[PDB]
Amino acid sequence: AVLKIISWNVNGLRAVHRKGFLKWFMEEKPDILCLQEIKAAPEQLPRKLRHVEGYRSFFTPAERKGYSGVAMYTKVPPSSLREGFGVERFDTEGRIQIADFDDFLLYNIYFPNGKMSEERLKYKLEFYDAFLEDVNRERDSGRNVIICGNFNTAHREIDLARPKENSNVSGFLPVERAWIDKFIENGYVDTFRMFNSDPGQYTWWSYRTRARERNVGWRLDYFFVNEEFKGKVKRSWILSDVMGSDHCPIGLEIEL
């Protein structure tokens, strides 16, 4: 029994609903759908998005309206859902869903963007620190974990079309890049790179200069698992053809 999970930074769920989100959702038929950057509290949503056929839905909006926020739809409900790491400033931004299924915890995370200021870059970095602490504590206790979402960082030079020009841009800073290295050596696998070693694999493209039609992008969106669980991951792929956002969806198939 393959379990299919999809992660998609929709950048406005209302927007993506106007562009055929539900029709796509319906034909893709994942067991779990994780969304990031919803930009909506549930009360602001068309009610068709709040009552989807065959799915439990959970929304974790930001305190600031039309900003950030994450969501999850799941055929099988989780036994619990956490919306924070237990640190106020990281828990108030609609950035975290940690859902408990029997066999694993699923982290659906919208990691912060650091481009706006030094203050937000710090925030990004410390959020990473709080995140790593949290996941380590969980897998240390013997839990197997799946982590998807917008990390807002391209790991290596191969993970973006233009590495050289972005050395001094948040998204490809040596400090952000080293954190992913750190995160990985803590015992986690970048599951896409388990199966695909090719360049040109991106999940985000600038709307400006129409970067997507030339594949001038970044791989900002990932599925990670803890090392002990990697033998369960069957497929890890990018849904490059799917439109409606400046990010595309990514997929994971595990079999338990």
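In case it trips you up, residue 1 is the first one in the sequence shown, and so on.
Can you tell me whether 164 to 172 has a higher mean C-alpha B factor than 145 to 153 in this record, or the other way round?
For C-alpha atoms only, the mean B-factor is higher in 164 to 172.
Stretch with the higher entry mean CA B-factor, where the candidates are 226 to 234 and 213 to 221:
It is 226 to 234 that shows the higher mean C-alpha B-factor.
Ranking every modelled residue in this chain by its Cα temperature factor as given in the entry, which third contains residue 247?
It falls in the bottom third of the chain.
Using the B-factors in the PDB entry, rank residue 13's C-alpha atom against the chain and give the third, lowest, middle or highest.
For residue 13, whose C-alpha B-factor we compare with every modelled residue in the chain, the answer is the middle third.
By the record's CA B-factor, is residue 112 among the lowest, middle or highest third of residues in the chain?
Its C-alpha B-factor belongs to the lowest third of this chain's values.
Divide the modelled residues of the chain into thirds by Cα B-factor and specify which third, lowest, middle or highest, holds residue 28.
Highest third.
Would you please rank residue 90 by its C-alpha temperature factor against the other modelled residues of its chain and give the third it falls in: lowest, middle or highest?
It belongs to the highest third of the chain when residues are ordered by C-alpha B-factor.
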